[PDB]
Each structure stands twice: as structure tokens, then as C-alpha cells.
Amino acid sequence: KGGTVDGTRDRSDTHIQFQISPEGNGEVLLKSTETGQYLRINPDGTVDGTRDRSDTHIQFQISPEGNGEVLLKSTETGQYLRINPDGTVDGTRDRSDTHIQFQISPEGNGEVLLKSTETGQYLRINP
């Protein structure tokens, strides 16, 4: 519960809203609007949320994949964010994985949604 990250197709769930903020020059943080937690990919491939601003595993690089899709890559570990068909979220270094392509879209209220194209699931950080 507290601090877990998973995927959902529940578009009404406010926990799918994110803020993308610059971290230096070429990287971003992916912050849950509702809880203030940052997405983190741990060296072991697990993905969770943290409010530890000093954490080195919250920095991401967004790379264009064409067709309006992006990859979300953790700078520290080289792992791409993945949403699995079962709704779990983890990291993989396999660039050929079909579950690492995201669409970033405006929610309409100023926040953004992070949707995995393959499964149509949105990233969610739970409180």
C-alpha cells in the first residue's frame, strides 16, 4: 500500500496524476501530484515511491521513441520503467521489451498522465 507503484486503468483515480520537474539540465523527476512521492527504480528492479529528495534513484531521462511515445529510463541504473500486463510495475534493461513505451498526456487540470501503450495502464503511486 503505502509507497507502492502499480498500473491502473481507473481514469478517475487521482493517484495517476504526475508532475514532471527538471532535475538539473537533462533529467527529470516524476512526482505523484496527490502524495508528493517520487518514482524510484531500485537497483534490484523494484519500483516504489519515496519522498527522500536526496535519493539517487529518482532521476529519469525521457527519450523519444517516435509516434508520440517515450521511454522512461532511470539514470542511475539504466533501467526502463515497465508496466506488466498484471498491473505490476518494475524496471528492465531490455530495450526490446514491449511494455516500456509510454504516452505522456495532459490530464486537463495541469498534471500529466503516464500511460503504457501496450496495456493501456496508467502509472500510479499509492499513498
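All residue numbers refer to positions in the sequence shown, first residue = 1.
Enquirer: Determine, for stretches 55 to 63 and 87 to 95, which one has the higher mean CA B-factor as deposited.
Expert: Higher of the two, by average CA B-factor, is 55 to 63.
Enquirer: Can you tell me whether 108 to 116 has a higher mean C-alpha B factor than 14 to 22 in this record, or the other way round?
Expert: The entry gives the higher C-alpha B-factor average to 108 to 116.
Enquirer: Among the choices 42, 32, 74, 101, identify the one whose CA B-factor in the record is greatest.
Expert: Across 42, 32, 74, 101, the entry lists the biggest C-alpha B-factor for 74.
Enquirer: Highest Cα B-factor in the deposition, which of 68, 36, 78, 49?
Expert: Spelled out: the listed residue with the top C-alpha B-factor is 68.
Enquirer: Sorting the chain's CA B-factors, does residue 7 end up in the lowest, middle or highest third?
Expert: As the PDB entry reports it, the C-alpha B-factor of residue 7 lands in the lowest third of its chain.
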